[PDB]
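**Q** Experimental coordinates for this protein are included below, preceded by the sequence.
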Amino acid sequence: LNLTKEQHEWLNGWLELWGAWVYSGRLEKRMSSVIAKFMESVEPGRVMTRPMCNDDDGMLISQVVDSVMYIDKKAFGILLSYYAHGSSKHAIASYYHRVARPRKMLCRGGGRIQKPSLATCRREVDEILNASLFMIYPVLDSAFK
DNA sequence: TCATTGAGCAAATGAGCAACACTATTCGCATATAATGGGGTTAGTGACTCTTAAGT
């Protein structure tokens, strides 16, 4: 399943506020290590094109996201690539198509070990994004309420 | 009762379109002292034929 429409836009807006918060570099580096090794591949003098949230609410959003997404680094990397840096979904899917190993395909390759197409790459990064938001949402209500 | 044939079906993947937004290319236009007629061959062909033209 997935979320409803109002919950999707609410979580999307809160995550881009949180992404504009971490994009300045105001996250303390001892708190987590995956954002620490994500934010080292970007210049320190970044520009601010998005509205930025305040300190402790962004601290609350950062602590809940690395408490629920501390088991995997790939889906968390997609999340920081879409929301923190601000890259679009199509660029993420194009780079994942240009990198990923040959996989077994069903109902179109007949089991042939081949590279994934761009359409299934867009579909799997959309599924990864929707699954990460479904892991974010009820634990975020548990942190808020 | 079960293997075999006849028919179909949800799902995953590959292809692609439609409208829109940003951006790297490309083209039209403007330079206000005065500026005012060009290079570059082929040079020890031979023989024959067809047409044009001055000469008789």
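**A** Yes, it's here. Numbering: from 1, shown residues only, chains lettered A, B, ... in the order given.
**Q** Quick check: the residue of chain A most remote from its centre vs residue A:104, distance?
**A** For chain A, the residue at maximal distance from the C-alpha centroid (Cα atoms, centre = their mean) is residue A:110, at 31.8 Å. Using Cβ to Cβ, to the nearest Å, residue A:110 is found at 10 Å from residue A:104. Backbone N, C-alpha and C define where each C-beta goes, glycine included.
**Q** Check residue A:56 too.
**A** In terms of Cβ to Cβ, residue A:56 sits 47 Å off from residue A:104.
**Q** next one: residue A:3
**A** Taken as Cβ to Cβ, the span from residue A:3 to residue A:104 is 30 Å.
**Q** Can you name the residues of chain A that neighbour DNA strand B?
**A** Residues of chain A lying close to DNA strand B by Cβ under 7 Å from any atom of the strand are A:105-109, A:114, A:116-120, A:122-124.
**Q** Spatially nearest residue to residue A:74, not counting backbone neighbours?
**A** Leaving aside its sequence neighbours, residue A:74 sits nearest to residue A:128 (Cβ to Cβ, 6 or more residues apart in numbering; 7.8 Å).
**Q** Show me what counts as buried in the helix or strand containing residue A:141.
**A** Residue A:141 is part of helix A:118-144, with elements assigned from DSSP states H and E. Buried residues in helix A:118-144, counted by 16 or more other Cβ atoms under 10 Å: A:121-122, A:125, A:128-129, A:132-133, A:135-137, A:140.
**Q** likewise stretch A:13-29?
**A** A:14-23, A:27.
**Q** Contacts for it, please.
**A** Outside stretch A:13-29, the residues that touch it by Cβ atoms under 8 Å, 6 or more residues apart in numbering are A:35-36, A:39, A:44, A:46, A:48, A:50-53, A:55, A:58, A:61-62, A:65, A:79-80, A:82-86, A:136, A:140.
**Q** Good, wrapping up.
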